[PDB]
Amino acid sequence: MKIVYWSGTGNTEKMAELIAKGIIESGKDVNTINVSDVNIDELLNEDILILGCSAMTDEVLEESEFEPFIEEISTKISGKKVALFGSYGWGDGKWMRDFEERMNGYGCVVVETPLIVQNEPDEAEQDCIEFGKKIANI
């Protein structure tokens, strides 16, 4: 499996590691990839796309790297299963509600409720691990 993410201070990156740990604990292999080093072709061969990005300016996906990546794969992911996650600060998850609506709009099947955690996943560590375990069972 593969987890692709963008993180500006390390919050979403930490979530990604924790989600990977859950998948591994369930007996499966998984690689975490920063959006900068992702290979679209190899990524498109995955049965489930696990994508994460923190909330950026005015509740949007990160603009210089993550958004363009989503746009590029947008026409080639109809029917694919996706699990979404990310860290946020002062908002209430608007960027994620929009990210979920967008992926659905591209024809994807959002398999679980998106996992969102405020700032660093300190108290929410187990929640991240459990999300990974749910994904491993799909």
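The numbering used is simple: start at 1 and walk along the sequence shown.
Remark: stretch with higher mean C-alpha B factor among 68-76 and 95-103 is 68-76. In this entry, 128-136 has the higher mean Cα B-factor, the comparison being between 128-136 and 4-12. The entry assigns its greatest Cα B factor, within the set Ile33, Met56, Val110, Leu51, to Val110. Per-chain ranking of the deposited C-alpha B factor places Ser26 in the middle third.
The deposited CA B-factor of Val38 belongs to the highest third of values across its chain. In the deposited entry, the Cα temperature factor of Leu44 places it in the highest third of its chain's modelled residues.
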